[PDB]
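Listed next as structure tokens is one chain, alone, in the form deposited in one PDB entry.
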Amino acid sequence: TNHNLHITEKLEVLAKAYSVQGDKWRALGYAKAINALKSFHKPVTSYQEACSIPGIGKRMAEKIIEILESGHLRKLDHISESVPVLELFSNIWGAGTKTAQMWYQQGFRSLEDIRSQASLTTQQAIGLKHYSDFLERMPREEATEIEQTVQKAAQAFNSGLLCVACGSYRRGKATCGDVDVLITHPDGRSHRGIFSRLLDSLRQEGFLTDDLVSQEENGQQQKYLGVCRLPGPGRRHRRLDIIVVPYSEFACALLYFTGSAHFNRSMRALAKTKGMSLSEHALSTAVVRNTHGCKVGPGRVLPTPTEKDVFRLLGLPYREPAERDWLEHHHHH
């Protein structure tokens, strides 16, 4: 299936390195190049053939060929030494490249330097203490019980609540980095005020152990990012994301929350090429205009009762969640 496996691995390493150093557009370019190589019907055999692939240009071709001809890749040996520390610190939830760079510049190089001397935000403290647990992907079966726990707690308040696990789970993966639960109610109204009760119920049984992003001052709270742990001996703490949306938003919210991230970006960039805007709330025939410039013209939602509607309105055929790794990847079936 992947005919250029030897080449992708090396480019990933390189990609990773730009990512932790904060060079994101460059990291973006690599990611796309890499998926394109993985998609290709055959080993790449010439520079020309490589350049012909969308997402692969001159610099990437040079490296691709260099690998194929000479077998390894020079540049992997000039990767700055800070990189693995930087990846280490960016693996703390709530710490990104800026924080990892600050930490590096004040001399920390291990998790101990962080624990014992770093200034940590509230979120980082939690990410640090669950560092290992949050690094481990969970099996699909743990995700199912996490989701059921949320669904039962919800359906105890209102049995008409719809709860669905999205993310990699809904794309059919075997393991999940974190569970993503989307809650709605078909009557258009009774999704309102749910979070207060749902979080309280989930806390009482001891299932939620820490909160990361949860603005509970707001009765119209839309999201919860926190930490759960299933009951029973030896269970790990897992990342849990819950969104509560109005039914009219369901299709767009389902699409967003199913992902993948690259898939959603490409869908969104497509919508904009066609004078629309795609968000987790809606698809909108929205457009700019600002007296010698551009701006906000919030341009009215197109109703999309299902995900198929969103695909149709963008000129695309429905894509099964399992085939939503990348938009530009066409699986046959």
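Whichever C-alpha set is largest while still superposing within 1.5 Å between the two forms counts as the rigid core. A residue's number is simply how far along the shown sequence it sits, counting from 1.
> Looking at the entry, does 197-205 or 178-186 show the higher mean C-alpha B-factor?
It is 197-205 that shows the higher mean C-alpha B-factor.
> Can you tell me whether 40-48 has a higher mean C-alpha B factor than 275-283 in this record, or the other way round?
Mean C-alpha B-factor is greater for 40-48.
> Have a look at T144, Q124, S82, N218 and flag the one whose Cα has the highest B-factor in the entry.
Of the candidates given, the C-alpha B-factor peaks at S82.
> Which one of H191, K223, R229, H72 shows the top CA temperature factor in the record?
When the deposited C-alpha B-factors of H191, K223, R229, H72 are compared, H72 is largest.
> Quick check on the deposited entry: does the C-alpha B-factor of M102 sit in the lowest, middle or highest third of its chain?
Within its chain, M102 is a highest-third residue by C-alpha B-factor, going by the deposited values.
> Which third, lowest, middle or highest, does the C-alpha temperature factor of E112 belong to within its own chain?
Tercile = highest for this residue's CA B-factor.
> Should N158 be placed in the lowest, middle or highest third of its chain by the C-alpha B factor in the entry?
For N158, the deposited C-alpha B-factor lands in the highest third.
> Taking the chain's C-alpha temperature factors as the reference, tell me which third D133 falls into: lowest, middle or highest.
Tercile = middle for this residue's CA B-factor.
> Place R312 in the lowest, middle or highest third of its chain's C-alpha B-factors, as listed in the PDB entry.
According to the entry, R312 has a C-alpha B-factor in the chain's middle third.
The same protein also exists as the form deposited in another entry; that form is not shown, yet it is the one meant from here on.
> With the two forms aligned on their rigid core, point out which item of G219, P84, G188, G96 shifts its C-alpha by 2 Å or more between the shown form and the other one.
So the only displaced C-alpha belongs to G219.
> When you overlay the rigid core, is the Cα of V296 off by 2 Å or more between the shown form and the other one?
Yes, the C-alpha moves 2 Å or more.
> I want to verify one pair: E216 and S279. Are their C-alpha atoms nearer or more distant in that other deposited form compared with the form I supplied, knowing the change is 3 Å or more?
Relative to the displayed form, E216 and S279 draw closer in that other deposited form - a change of at least 3 Å between their C-alphas.
> Pin down for me whether the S277-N218 Cα distance shrinks or grows in that other deposited form relative to this form (closer or farther, change of 3 Å or more).
Compared with this form, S277 and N218 lie closer in that other deposited form.
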